[PDB]
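Before any comments, here is the structure.
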Amino acid sequence: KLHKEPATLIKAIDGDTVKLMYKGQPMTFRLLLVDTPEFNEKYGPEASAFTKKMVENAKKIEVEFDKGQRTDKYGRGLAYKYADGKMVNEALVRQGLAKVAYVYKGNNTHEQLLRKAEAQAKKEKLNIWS
Ligand SMILES: Cc1cn([C@H]2C[C@H](OP(=O)(O)O)[C@@H](COP(=O)(O)O)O2)c(=O)[nH]c1=O
Ligand SMILES: [Ca+2]
């Protein structure tokens, strides 16, 4: 079963990538199951600002690795991030600032939760879906 672990914010990079201090080591983390646009693309700045605000204003930040691989080929930690108990991955998708993507079996525990959030954002024609 999955478990949440403490992590400290170093710096928000963009919508789905952040630098955190995990177990005393500075690491770049990439959010599982989602894809925010590049800062240079439509809604890119919006997604960056959303994530930045959410992580910087948080009292507690936690990371939750899935059951599979914990890092990607670029050395980035792969996890679900929580800001005061609220999952950032889900928040972005629910806001239509990120699409469900890179769904790989083994690291897809929250796939249904995220797809539900995407469907609602799409139904509401929010941002990316506008
Ligand atoms: C989210 C995620 C991304 N990735 C890789 C796939 C993509 O590789 P390629 O760059 O070779 O396409 C890249 C997408 O990241 P970004 O969306 O940050 O660019 O990160 C994984 O391997 N596993 C994951 O769980
Ligand atoms: Ca991206």
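Numbered per PDB author numbering, the sequence shown spans residues 6 to 43, 50 to 141. Yeah, the Cβ is synthetic: ideal placement off N, Cα and C, and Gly gets one too.
Helix, strand or coil: how does DSSP classify residue i here?
i: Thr13; result: strand
i: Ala94; result: strand
i: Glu52; result: coil
i: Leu7; result: coil
i: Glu135; result: coil
Just grab the DSSP bridge partners of residue i for me.
i: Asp40; result: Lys110
i: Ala130; result: Paired residue(s): none; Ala130 is not in a bridge.
i: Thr62; result: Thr62 pairs with nothing; no bridge assigned.
i: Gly88; result: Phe34 and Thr82
i: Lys24; result: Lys16 and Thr33
Can you name, in chain order, every residue of its own chain whose Cβ lies under 8 Å from the Cβ of residue i, other than the five neighbours on each side?
i: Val104; result: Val39, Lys110, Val111, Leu125, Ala128, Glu129 and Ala132
i: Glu67; result: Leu14 and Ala17
i: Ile72; result: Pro11, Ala12, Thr13, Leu14, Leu25, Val66, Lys92, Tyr93 and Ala94
So residue i packs on residue j, CB below 8 Å; how close in whole Å?
i: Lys24; j: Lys16; result: 5 Å
Excluding the 5 residues preceding and the 5 following residue i in the sequence, name in chain order all residues of the same chain whose CB lies nearer than 7 Å to its CB.
i: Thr120; result: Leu7, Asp77 and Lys78
i: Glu57; result: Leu108 and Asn138
i: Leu37; result: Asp77, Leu89, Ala90, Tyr91, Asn100 and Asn118
Within its chain, find whatever has a CB closer than 6 Å to the CB of residue i; leave out the 5 residues flanking it on each side and keep chain order.
i: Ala102; result: none
i: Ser141; result: none
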